[PDB]
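Chemist: Next up is a structure, given as structure tokens.
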Amino acid sequence: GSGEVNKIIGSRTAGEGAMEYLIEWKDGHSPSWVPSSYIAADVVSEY
């Protein structure tokens with residue numbers, strides 16, 4: 001459902017840790033609104 005697809009990507013979070021959103025990350029860690037990755041758990045640029 002609009003995730004892990006690897007198509008159009010919107011990306012705007014914060015910068016302190018996250019700052020992106022859409023796929024472009026082969027669903028490394030659960031598709032997420034995060035920075036060129038998926039850092040859902042207090043983290044930056046990854047998980």
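Just remember, in the structure tokens the first chain shown is A, the second B, etc., residues are 1-based per chain, and ligands are 1-based in the order shown.
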With a distance cut-off of 7 Å and only C-alpha atoms, select the neighbouring residues of residue A:33, excluding the residue or stretch itself and same-chain residues fewer than 3 positions from it, and output the selection as a list in words.

Modeler: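 Close residues of residue A:33: residues 20, 21 and 22 of chain A.
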
Chemist: Go ahead and write the selection's residues with N, CA and C atoms as a PDB file, in the first residue's frame.

Modeler:
```
ATOM      1  N   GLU A  20      13.102  12.483   4.618  1.00  0.00           N
ATOM      2  CA  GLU A  20      12.656  11.963   3.333  1.00  0.00           C
ATOM      3  C   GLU A  20      11.439  11.087   3.558  1.00  0.00           C
ATOM      4  N   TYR A  21      10.954  10.359   2.545  1.00  0.00           N
ATOM      5  CA  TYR A  21       9.766   9.577   2.799  1.00  0.00           C
ATOM      6  C   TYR A  21       9.523   8.361   1.942  1.00  0.00           C
ATOM      7  N   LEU A  22       9.526   8.532   0.665  1.00  0.00           N
ATOM      8  CA  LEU A  22       9.152   7.426  -0.199  1.00  0.00           C
ATOM      9  C   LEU A  22      10.269   6.490  -0.615  1.00  0.00           C
TER      10      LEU A  22
END
```

Chemist: If we count only C-alpha atoms, what is near residue A:17 at a cut-off of 12 Å, once residues fewer than 6 positions away on the same chain are taken out, given as a list in words?

Modeler: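 Once the adjacent positions are removed, what remains is residues 33, 34, 35, 36, 37, 38, 39, 40, 41, 42, 43, 44, 45, 46 and 47 of chain A.
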
Chemist: Please compute the atom CA of residue A:32-atom CA of residue A:9 distance, one decimal, in Å.

Modeler: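 Atom-to-atom, atom CA of residue A:32 to atom CA of residue A:9, that is 11.2 Å.
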